[PDB]
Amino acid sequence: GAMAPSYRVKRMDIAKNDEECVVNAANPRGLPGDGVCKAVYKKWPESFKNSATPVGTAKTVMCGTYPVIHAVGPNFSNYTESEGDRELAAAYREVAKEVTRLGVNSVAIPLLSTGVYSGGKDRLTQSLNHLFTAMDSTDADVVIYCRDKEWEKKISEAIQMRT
């Protein structure tokens, strides 16, 4: 575990993370995809061997010894708000199980279902709160990655609010 488990946020490419493992915002088919998924495919392509997994699940594949946790959030274009919300919460719970199982002291994590899978809605708070619900019981240092300057400020505020 981390000596004093923390949350932090950085605005940069998660492919350049300084953590012991990465969470991919994957698609169910293990395809290269777009956004975080395409960055992850360029950096750790070996981790896409048999990475296909259903919505609401996470599947870890090692790139060398570096674990890539493929977490499949729902595409809110296809899911109802209710069912999507359930699957988005479930994906993060499966991430927390994998992070625990791996024994890592740190994990780089994007906000699932906030990009192409957001169905055109701002889901920062929804996705971040499901991240916290899952990860709060873990003792890994969590570093959240984002690309937008206003998102960085809002995520940072949310982290600082809980102290």
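Sequential numbering from 1, following the sequence displayed.
- For the segment pair 134-142 and 116-124, the entry gives 116-124 the higher mean B-factor, averaged over Cα atoms.
- The mean Cα B-factor in the deposited entry runs higher for 28-36 than for the other of 51-59 and 28-36.
- In this PDB entry, the Cα temperature factor of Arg101 sits in the middle third of its chain's modelled residues.
- Ranked by C-alpha B-factor against the other modelled residues of its chain, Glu150 falls in the highest third.
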